[PDB]
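Taken together, the values in this text are just the output of simple stated rules run on the coordinates, not laboratory data. In this analysis, Cβ positions are derived from the backbone assuming ideal geometry, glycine residues included, and neighbour counts consider all displayed protein chains.
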Ligand SMILES: O=S(=O)(O)OC[C@H]1O[C@@](COS(=O)(=O)O)(O[C@H]2O[C@H](COS(=O)(=O)O)[C@@H](OS(=O)(=O)O)[C@H](OS(=O)(=O)O)[C@H]2OS(=O)(=O)O)[C@@H](OS(=O)(=O)O)[C@@H]1OS(=O)(=O)O
Ligand SMILES: O=S(=O)(O)OC[C@H]1O[C@@](COS(=O)(=O)O)(O[C@H]2O[C@H](COS(=O)(=O)O)[C@@H](OS(=O)(=O)O)[C@H](OS(=O)(=O)O)[C@H]2OS(=O)(=O)O)[C@@H](OS(=O)(=O)O)[C@@H]1OS(=O)(=O)O
Ligand SMILES: [Mg+2]
Ligand SMILES: [Mg+2]
């Protein structure tokens, strides 16, 4: 699925000589993430499917779809890549509640 | 008898990075259930279903309720701490109870007389191993008098175990503290012990200067682009094109950010005015609640959230924040006139608004034939890239809590705000020595029930050492501070009405000092 990519999911880098607006795909270099398809799901894709209520001998068994999700124990992933044509490090917000402050 | 136990030591001190304070007060200790245990389950409930099920007992003993601030600190000092330091935590603690006085009481023909019975004694201890159900942290009332001169009584003690509504599973334990060591103490005999905390992140007592959405410079743009043109507004043939833009000093909303708002949970937006609320009883129905073993229940005093957005003073989460009735509030249906609802117009920088939606996500997969769907997202979970700040302090509230000794826990920061500990300060329990009344002259197989109604008093000492972080910021402009309104009022704030009974005009938070995010 090279054609499709997250609308705002990844990064965009215009080749040398790009104006400020409405430039075309001809100029930028969109970041393909066909690499993490091992651990991390696809944002453009659904995530899972869960039970809707409680099937029974009279009422049919429902199966709800799950697009958005949260985190739970038993989950492992890998943050975004590097892209030297991009940022190198970031700044963590000095607050109290933070989690896996990976950029 | 011919000697007192300990002076009255109750003041505050600011040695700088530390601040020691203690509160000396007096109490009273009445007998209970006539020194008898009880089995309190939904058999004494009288109404509730598997929703308010409870199976526990009632111990004749009592415990201490000093888990608050307005009862440990004075108003001014609180102000002192708040307006000066960014963060703080508790370091050391001590406890002393003495000058005990037992007074038996006879009741001859409605004509009762209170004499003194020094011959008696008392027994009290502390649960270090945390083998007893931690009760505090539930923020039950009957706390130390948020005032010094007034004395009070120690609340009885009762706990609960696993239960199947009106009954209990075998896995429903049973406890009896009288199976523990207790510093048997007679009058004239003093009592003291010592405790120390462990490391805990200082409650971030500060307000942020910027916001997640606005932490980026304006004068510049982002060499990074984004999809700002799905179609081509080149006329009436708005085909499917791909225009892109960068960090517009105006399009900063569409700009690029690296962090994300903390987790959330959708609440029901109510209002302080009446006519703004619909006309239906959703207090227990249209409310935000969870489910557990059928025992469905609320999901607050809180969540990890901020009350509302800008200029929405009228609306507040239904059950999102705390509620504190001014001095002199009954048990039910009192009106908004009495309580002091907690406004959270402070965290609108990091944490979203529970009464508000959270986000909006793609529903399926747009295409040239089928339209692009956009689903709404009220509830959420947590993910990397999320940062927030737990609830505030509210000295008219809890001070710390108790972490459940389990395996799986996460950011055990309390939902009632405050501090959590894997090994919290113990629970103090006391009882009056069972004085068996006149026993039968001849033998009897049964046990003794007859006693002498008696109680005692004494002084509660509690040294709380404190750590702090003061504002070192170069905020050129005068940040905001908290101060009693400088005008003239009839009854001064936190003052004693002409009847000695004093109250608190308003609740107080910490996030005051403008700390750069
Ligand atoms: O307790 S639960 O609501 O969770 O559900 C299990 C039992 O509830 C029923 C009936 O309710 S009861 O008053 O608690 O006994 O719920 C299911 O049916 C009720 C009304 O149905 S019924 O024809 O009288 O049995 C509906 O709603 S409600 O009770 O929640 O107000 C529910 O269905 S619907 O999708 O709105 O049509 C349904 O419950 S649920 O929404 O799935 O939770 C009985 O359900 S049943 O198993 O499907 O028949 C259960 O009791 S039972 O008599 O043993 O069946
Ligand atoms: O594989 S997916 O289901 O995820 O979707 C992409 C392709 O599936 C279609 C058709 O299905 S196929 O049998 O796998 O080739 O799904 C979309 O349409 C199907 C039935 O449509 S169609 O007219 O025969 O093309 C619907 O359902 S289902 O296949 O899941 O049972 C879906 O639509 S609906 O909302 O229920 O009406 C729809 O898929 S989805 O629910 O969005 O996942 C084709 O979809 S399309 O791109 O919208 O046309 C895709 O294949 S395609 O032939 O290349 O288009
Ligand atoms: Mg239901
Ligand atoms: Mg589908």
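Some notes on this structure:
- Residue satisfying all of: in the stretch B:342-361; out of contact with any strand residue (DSSP E or B) (no Cβ under 7 Å at 6 or more places or on another chain) and either touching a residue at least 60 places away in the same chain (Cβ under 8 Å) or within 13 Å of another protein chain (Cβ to nearest Cβ) (or both); nearest to ligand 2 (Cβ to nearest atom) among these: B:356
- Some residue of the stretch B:143-153 being surrounded by 12 or more Cβ atoms within 10 Å (Cβ to Cβ), over 30 Å from residue B:3 (Cα atoms) and in contact (Cβ under 8 Å) with a residue 60 or more places away in the chain: no
- The set of residues in the stretch A:75-97 being more than 11 Å from chain B (Cβ to nearest Cβ) and either farther than 17 Å from residue A:32 by Cα or surrounded by 10 or more Cβ atoms within 10 Å (Cβ to Cβ) (or both) consists of A:76, A:81, A:88.
Per-residue answers, yes or no, for (1) under 44 Å from the mean Cα position of the chain (by Cα); (2) loosely packed, with under 14 Cβ neighbours inside 10 Å; (3) within 13 Å of chain A (Cβ to nearest Cβ):
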position: B:228; (1), (2), (3): no, no, yes
position: B:237; (1), (2), (3): no, yes, no
position: B:241; (1), (2), (3): no, no, yes
position: B:261; (1), (2), (3): yes, no, yes
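- The single residue among A:62, A:43 that is over 29 Å from residue B:408 (Cβ atoms) and within 16 Å of ligand 2 (Cβ to nearest atom) turns out to be A:62.
- Residue B:217 vs. criteria without any contact (Cβ under 8 Å) to a residue 12 or more places away in the chain, in a loop (DSSP other than H, G, I, E, B) and within 14 Å of chain A (Cβ to nearest Cβ): yes
- All of A:95, A:68 fail the test of being within 16 Å of ligand 4 (Cβ to nearest atom) and either without any contact (Cβ under 8 Å) to a residue 60 or more places away in the chain or over 30 Å from residue B:204 (Cα atoms) (or both), apart from A:68.
- Qualifying residue in the stretch A:42-54 (condition: under 30 Å from residue A:2 (Cβ atoms), more than 11 Å from chain B (Cβ to nearest Cβ), away from ligand 1 (no atom under 16 Å from the Cβ) and touching a strand residue (DSSP E or B) at 6+ places or on another chain (Cβ under 7 Å)): yes
- Only listed residue being more than 14 Å from chain A (Cβ to nearest Cβ) and over 30 Å from residue B:294 (Cα atoms), chosen from B:173, B:209, B:128: B:128
- Scanning the stretch B:326-341 for residues that are farther than 21 Å from residue B:315 by Cβ and touching a strand residue (DSSP E or B) at 6+ places or on another chain (Cβ under 8 Å) turns up B:326, B:327, B:329.
- Flag if residue B:380 is within 16 Å of ligand 2 (Cβ to nearest atom) and within 14 Å of chain A (Cβ to nearest Cβ): no
- Within the stretch A:7-29, the set of residues being in a loop (DSSP other than H, G, I, E, B), within 9 Å of another protein chain (Cβ to nearest Cβ) and within 21 Å of residue B:361 (Cα to Cα) comprises A:7, A:8, A:11.
- Summed over the stretch B:304-318, residues that are within 15 Å of the chain's Cα centre (by Cα) and surrounded by fewer than 20 Cβ atoms within 10 Å (Cβ to Cβ) total 0.
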